[PDB]
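One chain comes next, on its own, written as structure tokens: the form deposited in one PDB entry.
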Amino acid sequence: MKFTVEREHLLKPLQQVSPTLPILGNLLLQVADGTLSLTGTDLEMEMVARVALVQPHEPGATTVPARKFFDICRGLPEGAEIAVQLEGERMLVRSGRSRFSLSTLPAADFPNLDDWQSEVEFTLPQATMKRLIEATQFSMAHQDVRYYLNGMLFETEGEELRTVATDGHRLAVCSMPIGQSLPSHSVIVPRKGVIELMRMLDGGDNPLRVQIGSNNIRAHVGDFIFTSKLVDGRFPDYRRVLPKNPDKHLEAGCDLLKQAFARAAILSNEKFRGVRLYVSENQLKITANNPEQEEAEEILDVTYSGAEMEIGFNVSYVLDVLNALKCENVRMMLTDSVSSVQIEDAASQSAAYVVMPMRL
């Protein structure tokens, strides 16, 4: 195993592929068919990068410390040529007058994730994947005993791809058209996989090639491949919780609403975060109070014409929905004081947010 590559060709791959056991902290380097493959893994997921080899090379393979190898290459001057060779149980890195000898672990000992069959495949722009994750991600549960709520649901229906996330209290659903007839399939991608799915996008020209199996997901973009194991479990039904025939509808500007709830939040209970909403003819009154008897009150002009109502909400949940929406106007759809509110951009139905209230 021998190769010489321009530092600039190694940079992005090394940055994309980078422990419980020692070898998991190493990169699997393989020279074959005039291509250098770079592989990283944590047992649950795998990232593979392929680099073209223009300069003379010799085939073979080894494993080297991931962060040490990356930091050396990144630390080298702009336009450096990196010569890599094997000399016993060590890897030799040479550029300019710099020399590095790293400790290896055998390529044979590197974990190889089992071969699997794809059931669904589709292509989509990187921007479509970025929107889907960003619109729902904040709604995923944090270390809940119900392990399934800790990931994100990826559902294919008709010609659309959907993302769903919930913690049992609040929900986020985002659907995007894909222009391909797809079968009905639902999978749970873990938190780590979602972070990696998002990490791999550069929003550029290259489309994202997605493959979904029964217990795995694969994403291809340019010369990188990302693979993750799926969450074993059964996600709840999103349709079951979207308000039925709402009799109460409110419109208001996104920024004014976001800022009024953020000011009332300061004077709410630190652990419970309860705010009181009073809705009436073209008006919203938000009130908060805490155990030390401090009080906040915000009044806004809104477009509302239904019955007068008092409903309680956790202000972190409302603000998360509003920070998530990047629009001018917001629609709130309510029924009664003990039922959920649907929050949406007033000019787009691609994303919906459902928040369950609190009694005070």
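Numbering starts at 1 and runs along the sequence shown.
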Other compared entries missing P19, a third or more: yes
Unresolved deposited residues lying between neighbours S18 and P19: 4 to 9
Higher-B stretch (mean Cα B-factor, as the entry records it), 197 to 205 or 219 to 227: 197 to 205
Stretch with the higher entry mean CA B-factor, where the candidates are 120 to 128 and 206 to 214: 206 to 214
Member of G79, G253, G168, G274 with the greatest C-alpha B factor (per the PDB record): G79
Residue selected from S316, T41, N323, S305 by maximal Cα B factor: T41
Where the record places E297 (Cα B-factor, split into thirds across the chain): lowest
Chain-wide C-alpha B factor ranking for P106, given as lowest, middle or highest third: highest
Where the record places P291 (Cα B-factor, split into thirds across the chain): middle
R67, C-alpha B-factor rank within chain (lowest, middle or highest third): middle
Ranked against its chain, the third holding the CA B-factor of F235: middle
